[PDB]
Amino acid sequence: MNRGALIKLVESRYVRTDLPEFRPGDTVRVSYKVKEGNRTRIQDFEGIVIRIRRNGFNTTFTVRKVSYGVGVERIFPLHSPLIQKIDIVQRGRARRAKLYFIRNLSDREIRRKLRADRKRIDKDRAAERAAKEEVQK
Amino acid sequence: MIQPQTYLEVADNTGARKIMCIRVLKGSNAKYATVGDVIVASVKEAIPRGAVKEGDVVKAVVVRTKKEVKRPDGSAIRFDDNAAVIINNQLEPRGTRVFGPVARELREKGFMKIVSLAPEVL
Amino acid sequence: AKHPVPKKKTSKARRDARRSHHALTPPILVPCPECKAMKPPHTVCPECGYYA
Amino acid sequence: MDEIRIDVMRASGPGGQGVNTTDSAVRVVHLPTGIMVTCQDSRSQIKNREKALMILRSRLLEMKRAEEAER
Amino acid sequence: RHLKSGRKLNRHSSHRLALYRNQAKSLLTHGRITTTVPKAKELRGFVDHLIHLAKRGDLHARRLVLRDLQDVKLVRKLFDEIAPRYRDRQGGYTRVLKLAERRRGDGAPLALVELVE
Amino acid sequence: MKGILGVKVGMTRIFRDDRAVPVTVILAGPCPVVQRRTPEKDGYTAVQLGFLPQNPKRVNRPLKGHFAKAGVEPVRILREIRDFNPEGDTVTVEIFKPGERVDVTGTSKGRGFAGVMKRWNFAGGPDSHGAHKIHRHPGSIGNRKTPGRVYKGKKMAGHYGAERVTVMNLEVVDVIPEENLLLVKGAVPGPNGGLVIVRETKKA
RNA sequence: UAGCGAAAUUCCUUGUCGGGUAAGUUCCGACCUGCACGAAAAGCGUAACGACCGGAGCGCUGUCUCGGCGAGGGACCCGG
RNA sequence: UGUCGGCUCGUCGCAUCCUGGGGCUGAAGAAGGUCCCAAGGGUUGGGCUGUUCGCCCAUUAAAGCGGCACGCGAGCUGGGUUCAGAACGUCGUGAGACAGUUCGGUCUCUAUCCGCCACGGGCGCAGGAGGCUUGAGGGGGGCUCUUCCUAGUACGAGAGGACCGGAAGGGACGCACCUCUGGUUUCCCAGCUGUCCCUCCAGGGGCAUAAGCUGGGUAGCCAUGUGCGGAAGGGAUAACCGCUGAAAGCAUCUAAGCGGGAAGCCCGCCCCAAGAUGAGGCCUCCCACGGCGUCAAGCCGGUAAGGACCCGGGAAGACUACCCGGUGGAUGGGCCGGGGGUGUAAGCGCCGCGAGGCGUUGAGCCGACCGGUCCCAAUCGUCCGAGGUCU
Ligand SMILES: [Mg+2]
Ligand SMILES: [Mg+2]
Ligand SMILES: [Mg+2]
Ligand SMILES: [Mg+2]
Ligand SMILES: [Mg+2]
Ligand SMILES: [Mg+2]
Ligand SMILES: [Mg+2]
Ligand SMILES: [Mg+2]
Ligand SMILES: [Mg+2]
Ligand SMILES: [Mg+2]
Ligand SMILES: [Mg+2]
Ligand SMILES: [Mg+2]
Ligand SMILES: [Mg+2]
Ligand SMILES: [Mg+2]
Ligand SMILES: [Mg+2]
Ligand SMILES: [Mg+2]
Ligand SMILES: [Mg+2]
Ligand SMILES: [Mg+2]
Ligand SMILES: [Mg+2]
Ligand SMILES: [Mg+2]
Ligand SMILES: [Mg+2]
Ligand SMILES: [Mg+2]
Ligand SMILES: [Mg+2]
Ligand SMILES: [Mg+2]
Ligand SMILES: [Mg+2]
Ligand SMILES: [Mg+2]
Ligand SMILES: [Mg+2]
Ligand SMILES: [Mg+2]
Ligand SMILES: [Mg+2]
Ligand SMILES: [Mg+2]
Ligand SMILES: [Mg+2]
Ligand SMILES: [Mg+2]
Ligand SMILES: [Mg+2]
Ligand SMILES: [Mg+2]
Ligand SMILES: [Mg+2]
Ligand SMILES: [Mg+2]
Ligand SMILES: [Mg+2]
Ligand SMILES: [Mg+2]
Ligand SMILES: [Mg+2]
Ligand SMILES: [Mg+2]
Ligand SMILES: [Mg+2]
Ligand SMILES: [Mg+2]
Ligand SMILES: [Mg+2]
Ligand SMILES: [Mg+2]
Ligand SMILES: [Mg+2]
Ligand SMILES: [Mg+2]
Ligand SMILES: [Mg+2]
Ligand SMILES: [Mg+2]
Ligand SMILES: [Mg+2]
Ligand SMILES: [Mg+2]
Ligand SMILES: [Mg+2]
Ligand SMILES: [Mg+2]
Ligand SMILES: [Mg+2]
Ligand SMILES: [Mg+2]
Ligand SMILES: [Mg+2]
Ligand SMILES: [Mg+2]
Ligand SMILES: [Mg+2]
Ligand SMILES: [Mg+2]
Ligand SMILES: [Mg+2]
Ligand SMILES: [Mg+2]
Ligand SMILES: [Mg+2]
Ligand SMILES: [Mg+2]
Ligand SMILES: [Mg+2]
Ligand SMILES: [Mg+2]
Ligand SMILES: [Mg+2]
Ligand SMILES: [Mg+2]
Ligand SMILES: [Mg+2]
Ligand SMILES: [Mg+2]
Ligand SMILES: [Mg+2]
Ligand SMILES: [Mg+2]
Ligand SMILES: [Mg+2]
Ligand SMILES: [Mg+2]
Ligand SMILES: [Mg+2]
Ligand SMILES: [Mg+2]
Ligand SMILES: [Mg+2]
Ligand SMILES: [Mg+2]
Ligand SMILES: [Mg+2]
Ligand SMILES: [Mg+2]
Ligand SMILES: [Mg+2]
Ligand SMILES: [Mg+2]
Ligand SMILES: [Mg+2]
Ligand SMILES: [Mg+2]
Ligand SMILES: [Mg+2]
Ligand SMILES: [Mg+2]
Ligand SMILES: [Mg+2]
Ligand SMILES: [Mg+2]
Ligand SMILES: [Mg+2]
Ligand SMILES: [Mg+2]
Ligand SMILES: [Mg+2]
Ligand SMILES: [Mg+2]
Ligand SMILES: [Mg+2]
Ligand SMILES: [Mg+2]
Ligand SMILES: [Mg+2]
Ligand SMILES: [Mg+2]
Ligand SMILES: [Mg+2]
Ligand SMILES: [Mg+2]
Ligand SMILES: [Mg+2]
Ligand SMILES: [Mg+2]
Ligand SMILES: [Mg+2]
Ligand SMILES: [Mg+2]
Ligand SMILES: [Mg+2]
Ligand SMILES: [Mg+2]
Ligand SMILES: [Mg+2]
Ligand SMILES: [Mg+2]
Ligand SMILES: [Mg+2]
Ligand SMILES: [Mg+2]
Ligand SMILES: [Mg+2]
Ligand SMILES: [Mg+2]
Ligand SMILES: [Mg+2]
Ligand SMILES: [Mg+2]
Ligand SMILES: [Mg+2]
Ligand SMILES: [Mg+2]
Ligand SMILES: [Mg+2]
Ligand SMILES: [Mg+2]
Ligand SMILES: [Mg+2]
Ligand SMILES: [Mg+2]
Ligand SMILES: [Mg+2]
Ligand SMILES: [Mg+2]
Ligand SMILES: [Mg+2]
Ligand SMILES: [Mg+2]
Ligand SMILES: [Mg+2]
Ligand SMILES: [Mg+2]
Ligand SMILES: [Mg+2]
Ligand SMILES: [Mg+2]
Ligand SMILES: [Mg+2]
Ligand SMILES: [Mg+2]
Ligand SMILES: [Mg+2]
Ligand SMILES: [Mg+2]
Ligand SMILES: [Mg+2]
Ligand SMILES: [Mg+2]
Ligand SMILES: [Mg+2]
Ligand SMILES: [Mg+2]
Ligand SMILES: [Mg+2]
Ligand SMILES: [Mg+2]
Ligand SMILES: [Mg+2]
Ligand SMILES: [Mg+2]
């Protein structure tokens, strides 16, 4: 009975590792399996990461964006079977965890407040185009 | 959540700008109202010589809430502010072009007339 | 002196009755490894000592 | 009378713990016309009811003499 | 209701905190200390941590124990005599023992926080 | 009338076909039959179902004889299930099929000596104008001389919770026999470790 | 008389009309039918000034929908 | 014998506002009128006024009436009324007066008894002891709207628009739960200020609350969040519909008898429960007196099964009780792994005059959650406890 953990982790066979890295302070777009009137589609959602709530399974994350004058946020179950493809577009400096403070000043300052994490930027573009040539030959 | 005495913005061009919820139209004694619901409200201000003037008691349907809406598929979505659209007893917008995103919930309520004019059907 | 006021002088019979469970309960002691002195359970003792 | 609703209630103003309980301030209303008249100066309901009604009568009268002569 | 949390303490944050630190300083000074049953039990956990943290070495760990114990000479001793003595004695670096005495006046149950050996 | 014991192990959420569903996780290990009481031997039909293993030394009680009476490893706990004499010598999670709805009884968390407001979710009292004496206070309780007393069972503060609570019509989600696990529709009484029973609901 | 006037004065009275509000026995403008103003027990008015009394709006908020959690001093247990 | 209204908590009545059923209709259908049956449950938010009352806005299935000292001030409020001040109209020569107005105006920490909500101690239960139970009796719960399908059919000139049977969704309310969303999380982590100190720099503590301020936060508790409940169904019955049917050759639902028929009643569901002294039942364990009592009625030291004390400790808990563990051991505490929170420690190196910046680095630190390991601590021992009446 000393498996209180693993037990919860057994039904947790709904896991998914087809999902890149992304720490708060970097914009990212996700194609969600959104059902239209009756059919199914993949409405793209393009925004920055605000919250990341880690709790083993069901560990969700939030994404807020500007839309025609209004700001809209969305919380996504990380290992949700409806996250077709979560694509990274640009990473930046964190210096925070839950950065709701962007709500306050969502302007050209929010850009100079959220820098460009050249650290991960390099590691990303490099490891990408570097391991590509390896998978080639 | 939207209750009486609540100020909502106007996502359409009905001329209205801000309206205070007079009441939530639902069960005998509702308590709140979120995206998709319809509420009796009063215009607390409107564009000069608009289609609807200050003090007009109209019925409107929520389009955006500050309180995130839960999705059956575990998903969640929250807006920056609370707004709606002045409707007809025919449950159709008194105005046309309705700028500003909406919600997919409006779809299961028969307000497709809205969603068609709503650019960002999020 | 305020609202809370006893109505009647509690009969001396009821008083004692009240203090029924009021009686004490003798302490608990056991013989010790050192002397024959009676140490309280799970405890050391003066003029006795201990180990480890 | 069948169209005159009579309502009673606690008077308003001084009257010690009397007025507080001893209500009986009369107030009538002509349902079809929606014109009510009230009175709470006397210490007795009936005394007021008489006023209230008779007053209403006077009101309606002039309202009838109004249109009647208006025509 | 809500003791689902960890342990228990009296006084107020600042106080109880300084309390632990004080009983720590005093403890590492004499080794065998007498106090109340609870104060001991809690103090037990607190001290062991400092000892095991001292079991380490890096000056960071040092400066870390310098947040609780202030006396540089005292902490110095910890990284010299105290820690080594308990080498390879992972966990339970101290001992708690019930005393038969009872503080007069308040009837307090005394005890002992002994540095195992 | 299906019936099997188990304990609440925790709860997360799964994904049905393309929708999210919060579910609770129970553990229905093998429950050895101990005493199939017939109406002849008693007056009602039922079955004593054991549970967790035991240090044979702790069960030195006459329980030893009761266990040996059916010849079984000394379990820890055992209760009855009215109107239910199945088969074999042990019940399992195989009893429930993904789709059947079940009733689960548990022991609610004890909220100790809870206040009226907390207990029966009352209204309380004015936080502003009114005297800082009756914020969370039942206020009135009775009338004048008539009746002069208090209606028995009048909702008052006090020790509340930690009792027998039965939740109903929880649909059986994915059941994995591979580990004696069982998934249900989430909201289940009792903490993470309480002994609960799972029976057959009454839809019709 | 001037002036003021359902008034710190208007019983009928939530007078009537206009304004403010979704809705206003209160509030403001106005008429006069002043139960019961009115010229030094002063009349009408008035910048500024009140911990003075009334109405509205903005801002904001556990006042409220409606409550939840947390801290400490009591309460509670033991010794005096 | 504290007096309005308000708040809080309600409970009862039925002359029923709603939902339930039913008769008649000047009842086509829809909708309605009126009368009968029927409290089980429900019976909104707001503007104005001290108000009750009422008027009004928006809605509603409906926004019921009344009793309980027009329920409730040892539960609260104090706007009203009901002292002293003051004022206007006002009557009085006046002092003063006004169910005539206006402004202000001290509601008293300790519950003995009954009663009510919770919890324990004692005895009892004609052997002792452990586990599981029976359900007498009682408590809880009883609401409802909306779209569509049947079918735009029956009905109807038309506009409209059914019964019945079925499905789906929503409100309010109840119970329970932390997965998710959301909250708190008093030292979990970090940033920041003034200052005093350690130790000059770096680094670091106290204090600015009872956290100094701020950014964020697991477990826990929790609602805004999640699940589930009202029901089905059996039985009897209400007003009522009807049968056979005489009195009374006809007639009649009744006078014998019989059937159908309510959100109501009984049962069913859920919770308590043999102090059900009418003390129930089941399964299992231990068993003789060893001595006085001639009898009857009892006592005594030791025992058995088994329990208690003490100790570590708990989502259990004021206390006590409840629950597991107590070396034949993972009970807590420490240590290690993990989950989790924060968000690149310290030190050193590099760049820049410098504040700082870069790397070392998802680093360091790290409460409660999940699990492991005997380093610390549950060492040791004590008391109790049928030996079971008569026919
Ligand atoms: Mg899978
Ligand atoms: Mg995926
Ligand atoms: Mg620019
Ligand atoms: Mg205007
Ligand atoms: Mg429509
Ligand atoms: Mg469109
Ligand atoms: Mg468009
Ligand atoms: Mg005596
Ligand atoms: Mg005694
Ligand atoms: Mg008077
Ligand atoms: Mg009265
Ligand atoms: Mg009277
Ligand atoms: Mg009288
Ligand atoms: Mg008079
Ligand atoms: Mg507690
Ligand atoms: Mg401090
Ligand atoms: Mg610790
Ligand atoms: Mg609680
Ligand atoms: Mg609560
Ligand atoms: Mg509650
Ligand atoms: Mg209630
Ligand atoms: Mg309230
Ligand atoms: Mg007060
Ligand atoms: Mg006071
Ligand atoms: Mg007081
Ligand atoms: Mg009273
Ligand atoms: Mg005027
Ligand atoms: Mg008047
Ligand atoms: Mg008026
Ligand atoms: Mg006029
Ligand atoms: Mg007017
Ligand atoms: Mg007007
Ligand atoms: Mg207007
Ligand atoms: Mg207003
Ligand atoms: Mg008006
Ligand atoms: Mg004129
Ligand atoms: Mg005069
Ligand atoms: Mg004058
Ligand atoms: Mg004069
Ligand atoms: Mg004069
Ligand atoms: Mg003047
Ligand atoms: Mg002036
Ligand atoms: Mg002055
Ligand atoms: Mg003044
Ligand atoms: Mg409050
Ligand atoms: Mg608390
Ligand atoms: Mg507190
Ligand atoms: Mg406290
Ligand atoms: Mg004392
Ligand atoms: Mg209530
Ligand atoms: Mg009917
Ligand atoms: Mg009818
Ligand atoms: Mg018909
Ligand atoms: Mg017709
Ligand atoms: Mg009832
Ligand atoms: Mg109100
Ligand atoms: Mg108001
Ligand atoms: Mg107002
Ligand atoms: Mg008012
Ligand atoms: Mg009022
Ligand atoms: Mg009126
Ligand atoms: Mg209306
Ligand atoms: Mg009543
Ligand atoms: Mg009264
Ligand atoms: Mg009262
Ligand atoms: Mg009072
Ligand atoms: Mg009162
Ligand atoms: Mg009283
Ligand atoms: Mg006052
Ligand atoms: Mg007043
Ligand atoms: Mg007054
Ligand atoms: Mg005079
Ligand atoms: Mg006043
Ligand atoms: Mg006053
Ligand atoms: Mg005091
Ligand atoms: Mg008492
Ligand atoms: Mg009884
Ligand atoms: Mg019963
Ligand atoms: Mg047709
Ligand atoms: Mg046709
Ligand atoms: Mg036709
Ligand atoms: Mg025809
Ligand atoms: Mg036809
Ligand atoms: Mg049509
Ligand atoms: Mg019909
Ligand atoms: Mg729907
Ligand atoms: Mg939670
Ligand atoms: Mg949470
Ligand atoms: Mg800290
Ligand atoms: Mg701090
Ligand atoms: Mg400092
Ligand atoms: Mg100092
Ligand atoms: Mg530095
Ligand atoms: Mg310095
Ligand atoms: Mg200091
Ligand atoms: Mg100092
Ligand atoms: Mg500090
Ligand atoms: Mg100071
Ligand atoms: Mg201080
Ligand atoms: Mg903080
Ligand atoms: Mg926060
Ligand atoms: Mg939390
Ligand atoms: Mg609490
Ligand atoms: Mg709720
Ligand atoms: Mg129903
Ligand atoms: Mg429902
Ligand atoms: Mg039925
Ligand atoms: Mg017939
Ligand atoms: Mg015949
Ligand atoms: Mg016949
Ligand atoms: Mg007939
Ligand atoms: Mg007859
Ligand atoms: Mg029925
Ligand atoms: Mg029925
Ligand atoms: Mg019953
Ligand atoms: Mg003998
Ligand atoms: Mg005998
Ligand atoms: Mg014991
Ligand atoms: Mg034990
Ligand atoms: Mg032992
Ligand atoms: Mg352990
Ligand atoms: Mg442990
Ligand atoms: Mg521990
Ligand atoms: Mg993490
Ligand atoms: Mg760095
Ligand atoms: Mg370098
Ligand atoms: Mg530079
Ligand atoms: Mg520097
Ligand atoms: Mg720290
Ligand atoms: Mg860790
Ligand atoms: Mg050991
Ligand atoms: Mg070791
Ligand atoms: Mg003995
Ligand atoms: Mg004996
Ligand atoms: Mg014999
Ligand atoms: Mg015989």
# chains A, B, ... in the order shown; residues from 1 in each chain; ligands from 1
>>> residues_near_ligand(ligand="ligand 49", cutoff="12 Å", atoms="only C-alpha atoms (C1' of nucleotides) and all ligand atoms", output="JSON, numbers by chain")
{"E": [105, 106, 107], "G": [76, 77, 78, 79, 80]}
>>> residues_near_ligand(ligand="ligand 23", cutoff="10 Å", atoms="only C-alpha atoms (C1' of nucleotides) and all ligand atoms", output="PyMOL selection string")
(chain F and resi 128-133) or (chain H and resi 76-78+107)
>>> write_last_selection(atoms="N, CA and C atoms (P, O5', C5', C4', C3', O3' and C1' of nucleotides)", output="PDB file, in the first residue's frame")
ATOM      1  N   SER F 128     -20.588  45.693  10.167  1.00  0.00           N
ATOM      2  CA  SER F 128     -20.441  47.143  10.276  1.00  0.00           C
ATOM      3  C   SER F 128     -21.177  47.754  11.474  1.00  0.00           C
ATOM      4  N   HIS F 129     -22.357  48.310  11.218  1.00  0.00           N
ATOM      5  CA  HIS F 129     -23.106  49.080  12.212  1.00  0.00           C
ATOM      6  C   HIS F 129     -23.339  48.354  13.541  1.00  0.00           C
ATOM      7  N   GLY F 130     -23.624  47.058  13.464  1.00  0.00           N
ATOM      8  CA  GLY F 130     -23.969  46.273  14.635  1.00  0.00           C
ATOM      9  C   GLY F 130     -22.822  46.036  15.596  1.00  0.00           C
ATOM     10  N   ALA F 131     -23.161  45.866  16.871  1.00  0.00           N
ATOM     11  CA  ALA F 131     -22.166  45.664  17.920  1.00  0.00           C
ATOM     12  C   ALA F 131     -21.287  44.460  17.637  1.00  0.00           C
ATOM     13  N   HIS F 132     -19.978  44.663  17.765  1.00  0.00           N
ATOM     14  CA  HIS F 132     -18.976  43.617  17.571  1.00  0.00           C
ATOM     15  C   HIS F 132     -19.111  42.493  18.592  1.00  0.00           C
ATOM     16  N   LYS F 133     -20.309  41.927  18.688  1.00  0.00           N
ATOM     17  CA  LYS F 133     -20.580  40.896  19.673  1.00  0.00           C
ATOM     18  C   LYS F 133     -21.260  39.690  19.042  1.00  0.00           C
TER      19      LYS F 133
ATOM     20  P     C H  76     -28.308  41.117  22.810  1.00  0.00           P
ATOM     21  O5'   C H  76     -27.896  41.853  21.453  1.00  0.00           O
ATOM     22  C5'   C H  76     -26.573  41.725  20.958  1.00  0.00           C
ATOM     23  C4'   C H  76     -26.519  42.162  19.508  1.00  0.00           C
ATOM     24  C3'   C H  76     -27.004  43.578  19.255  1.00  0.00           C
ATOM     25  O3'   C H  76     -26.006  44.528  19.582  1.00  0.00           O
ATOM     26  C1'   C H  76     -27.971  42.157  17.680  1.00  0.00           C
ATOM     27  P     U H  77     -26.469  45.918  20.223  1.00  0.00           P
ATOM     28  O5'   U H  77     -27.078  46.700  18.967  1.00  0.00           O
ATOM     29  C5'   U H  77     -26.254  46.982  17.836  1.00  0.00           C
ATOM     30  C4'   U H  77     -27.103  47.322  16.626  1.00  0.00           C
ATOM     31  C3'   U H  77     -27.754  48.694  16.678  1.00  0.00           C
ATOM     32  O3'   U H  77     -26.891  49.642  16.058  1.00  0.00           O
ATOM     33  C1'   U H  77     -29.315  47.003  15.949  1.00  0.00           C
ATOM     34  P     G H  78     -26.448  50.984  16.815  1.00  0.00           P
ATOM     35  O5'   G H  78     -27.839  51.748  17.062  1.00  0.00           O
ATOM     36  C5'   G H  78     -28.472  52.530  16.037  1.00  0.00           C
ATOM     37  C4'   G H  78     -29.886  52.927  16.434  1.00  0.00           C
ATOM     38  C3'   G H  78     -29.995  53.932  17.588  1.00  0.00           C
ATOM     39  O3'   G H  78     -30.838  55.057  17.285  1.00  0.00           O
ATOM     40  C1'   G H  78     -31.412  52.072  17.951  1.00  0.00           C
ATOM     41  P     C H 107     -25.244  52.845  25.043  1.00  0.00           P
ATOM     42  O5'   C H 107     -26.608  52.020  25.162  1.00  0.00           O
ATOM     43  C5'   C H 107     -26.971  51.493  26.426  1.00  0.00           C
ATOM     44  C4'   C H 107     -27.009  49.978  26.387  1.00  0.00           C
ATOM     45  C3'   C H 107     -26.234  49.334  25.236  1.00  0.00           C
ATOM     46  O3'   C H 107     -25.212  48.409  25.698  1.00  0.00           O
ATOM     47  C1'   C H 107     -28.603  48.808  25.090  1.00  0.00           C
TER      48        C H 107
END
>>> atom_distance(atom1="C1' of residue 51 (chain H)", atom2="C1' of residue 101 (chain H)")
17.1 Å
>>> residues_near_ligand(ligand="ligand 9", cutoff="12 Å", atoms="only C-alpha atoms (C1' of nucleotides) and all ligand atoms", output="VMD selection string")
chain C and resid 16 to 26
>>> write_last_selection(atoms="N, CA and C atoms", output="PDB file, in the first residue's frame")
ATOM      1  N   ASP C  16     -22.127  18.729  46.074  1.00  0.00           N
ATOM      2  CA  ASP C  16     -21.288  17.549  46.207  1.00  0.00           C
ATOM      3  C   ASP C  16     -21.470  16.627  45.009  1.00  0.00           C
ATOM      4  N   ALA C  17     -22.722  16.404  44.626  1.00  0.00           N
ATOM      5  CA  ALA C  17     -23.027  15.569  43.471  1.00  0.00           C
ATOM      6  C   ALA C  17     -22.240  16.043  42.257  1.00  0.00           C
ATOM      7  N   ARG C  18     -22.275  17.348  42.018  1.00  0.00           N
ATOM      8  CA  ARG C  18     -21.546  17.943  40.911  1.00  0.00           C
ATOM      9  C   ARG C  18     -20.083  17.510  40.932  1.00  0.00           C
ATOM     10  N   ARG C  19     -19.454  17.651  42.093  1.00  0.00           N
ATOM     11  CA  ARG C  19     -18.039  17.342  42.249  1.00  0.00           C
ATOM     12  C   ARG C  19     -17.780  15.836  42.252  1.00  0.00           C
ATOM     13  N   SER C  20     -18.675  15.075  41.629  1.00  0.00           N
ATOM     14  CA  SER C  20     -18.548  13.621  41.597  1.00  0.00           C
ATOM     15  C   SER C  20     -17.211  13.185  41.012  1.00  0.00           C
ATOM     16  N   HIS C  21     -17.013  13.490  39.734  1.00  0.00           N
ATOM     17  CA  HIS C  21     -15.805  13.102  39.020  1.00  0.00           C
ATOM     18  C   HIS C  21     -14.647  14.003  39.414  1.00  0.00           C
ATOM     19  N   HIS C  22     -14.900  14.896  40.363  1.00  0.00           N
ATOM     20  CA  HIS C  22     -13.907  15.875  40.786  1.00  0.00           C
ATOM     21  C   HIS C  22     -12.705  15.222  41.470  1.00  0.00           C
ATOM     22  N   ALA C  23     -12.907  14.020  42.003  1.00  0.00           N
ATOM     23  CA  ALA C  23     -11.857  13.296  42.717  1.00  0.00           C
ATOM     24  C   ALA C  23     -10.594  13.129  41.878  1.00  0.00           C
ATOM     25  N   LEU C  24      -9.458  12.997  42.552  1.00  0.00           N
ATOM     26  CA  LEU C  24      -8.172  12.869  41.875  1.00  0.00           C
ATOM     27  C   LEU C  24      -7.914  11.458  41.359  1.00  0.00           C
ATOM     28  N   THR C  25      -6.714  11.254  40.825  1.00  0.00           N
ATOM     29  CA  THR C  25      -6.284   9.952  40.336  1.00  0.00           C
ATOM     30  C   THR C  25      -4.803   9.761  40.628  1.00  0.00           C
ATOM     31  N   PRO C  26      -4.475   8.771  41.470  1.00  0.00           N
ATOM     32  CA  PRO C  26      -3.103   8.498  41.910  1.00  0.00           C
ATOM     33  C   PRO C  26      -2.131   8.428  40.739  1.00  0.00           C
TER      34      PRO C  26
END
>>> atom_distance(atom1="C1' of residue 178 (chain H)", atom2="atom 1 (Mg, counted along the ligand's line) of ligand 88")
7.3 Å
>>> residues_around(residues="residue 84 (chain E)", least_positions_apart="2", cutoff="12 Å", atoms="only C-alpha atoms (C1' of nucleotides)", output="PyMOL selection string")
chain E and resi 51-57+77-82+86-90+93
>>> closest_residue(among="E:12, E:32, E:73, E:21", to="chain G", atoms="only C-alpha atoms (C1' of nucleotides)")
E:12
>>> interface_residues(of="chain H", to="chain B", cutoff="12 Å", atoms="only C-alpha atoms (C1' of nucleotides)", output="MDAnalysis selection string")
chainID H and resid 18 42:47 57:63 143:147 169:173 179:182 224:226
>>> write_last_selection(atoms="C-alpha atoms (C1' of nucleotides)", output="PDB file, in the first residue's frame")
ATOM      1  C1'   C H  18     -46.742  28.743  -6.923  1.00  0.00           C
ATOM      2  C1'   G H  42     -40.808  26.703  -2.594  1.00  0.00           C
ATOM      3  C1'   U H  43     -42.545  31.765  -2.258  1.00  0.00           C
ATOM      4  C1'   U H  44     -36.310  37.151  -5.988  1.00  0.00           C
ATOM      5  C1'   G H  45     -32.953  41.493  -6.438  1.00  0.00           C
ATOM      6  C1'   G H  46     -33.605  46.684  -6.295  1.00  0.00           C
ATOM      7  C1'   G H  47     -35.476  52.630  -5.961  1.00  0.00           C
ATOM      8  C1'   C H  57     -38.120  49.302 -11.651  1.00  0.00           C
ATOM      9  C1'   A H  58     -36.634  44.469 -13.482  1.00  0.00           C
ATOM     10  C1'   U H  59     -37.931  39.650 -13.287  1.00  0.00           C
ATOM     11  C1'   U H  60     -40.690  35.338 -11.624  1.00  0.00           C
ATOM     12  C1'   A H  61     -43.763  28.949 -11.512  1.00  0.00           C
ATOM     13  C1'   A H  62     -45.194  32.317  -7.675  1.00  0.00           C
ATOM     14  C1'   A H  63     -43.179  36.871  -5.859  1.00  0.00           C
ATOM     15  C1'   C H 143     -38.946  22.944  -5.223  1.00  0.00           C
ATOM     16  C1'   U H 144     -39.043  24.133 -10.123  1.00  0.00           C
ATOM     17  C1'   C H 145     -38.428  26.614 -15.129  1.00  0.00           C
ATOM     18  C1'   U H 146     -36.945  26.286 -20.219  1.00  0.00           C
ATOM     19  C1'   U H 147     -35.945  24.576 -25.577  1.00  0.00           C
ATOM     20  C1'   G H 169     -30.362  22.056 -20.452  1.00  0.00           C
ATOM     21  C1'   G H 170     -30.775  25.849 -16.448  1.00  0.00           C
ATOM     22  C1'   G H 171     -32.047  28.326 -11.415  1.00  0.00           C
ATOM     23  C1'   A H 172     -32.248  28.209  -6.261  1.00  0.00           C
ATOM     24  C1'   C H 173     -31.141  24.729  -2.327  1.00  0.00           C
ATOM     25  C1'   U H 179      -8.739  16.885  -9.901  1.00  0.00           C
ATOM     26  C1'   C H 180      -9.252  21.834 -12.618  1.00  0.00           C
ATOM     27  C1'   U H 181     -10.270  27.233 -12.218  1.00  0.00           C
ATOM     28  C1'   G H 182      -9.860  30.593  -7.976  1.00  0.00           C
ATOM     29  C1'   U H 224     -16.555  31.592  -7.125  1.00  0.00           C
ATOM     30  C1'   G H 225     -14.510  25.628  -8.379  1.00  0.00           C
ATOM     31  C1'   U H 226     -16.016  19.692  -9.037  1.00  0.00           C
TER      32        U H 226
END
>>> residues_around(residues="residue 48 (chain D)", least_positions_apart="6", cutoff="9 Å", atoms="only C-alpha atoms (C1' of nucleotides)", output="PyMOL selection string")
chain D and resi 24-27+38-42
>>> write_last_selection(atoms="C-alpha atoms", output="mmCIF file, in the first residue's frame")
data_model
loop_
_atom_site.group_PDB
_atom_site.id
_atom_site.type_symbol
_atom_site.label_atom_id
_atom_site.label_comp_id
_atom_site.auth_asym_id
_atom_site.auth_seq_id
_atom_site.Cartn_x
_atom_site.Cartn_y
_atom_site.Cartn_z
ATOM 1 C CA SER D 24 -54.724 52.402 12.793
ATOM 2 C CA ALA D 25 -53.731 55.162 10.420
ATOM 3 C CA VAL D 26 -56.195 54.798 7.573
ATOM 4 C CA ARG D 27 -55.296 54.924 3.886
ATOM 5 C CA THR D 38 -54.340 58.881 3.582
ATOM 6 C CA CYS D 39 -54.731 60.388 7.050
ATOM 7 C CA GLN D 40 -52.962 59.912 10.389
ATOM 8 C CA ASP D 41 -53.815 62.880 12.619
ATOM 9 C CA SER D 42 -56.541 61.413 14.821
#
>>> residues_near_ligand(ligand="ligand 93", cutoff="10 Å", atoms="only C-alpha atoms (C1' of nucleotides) and all ligand atoms", output="number ranges by chain")
H: 202-203, 346-347
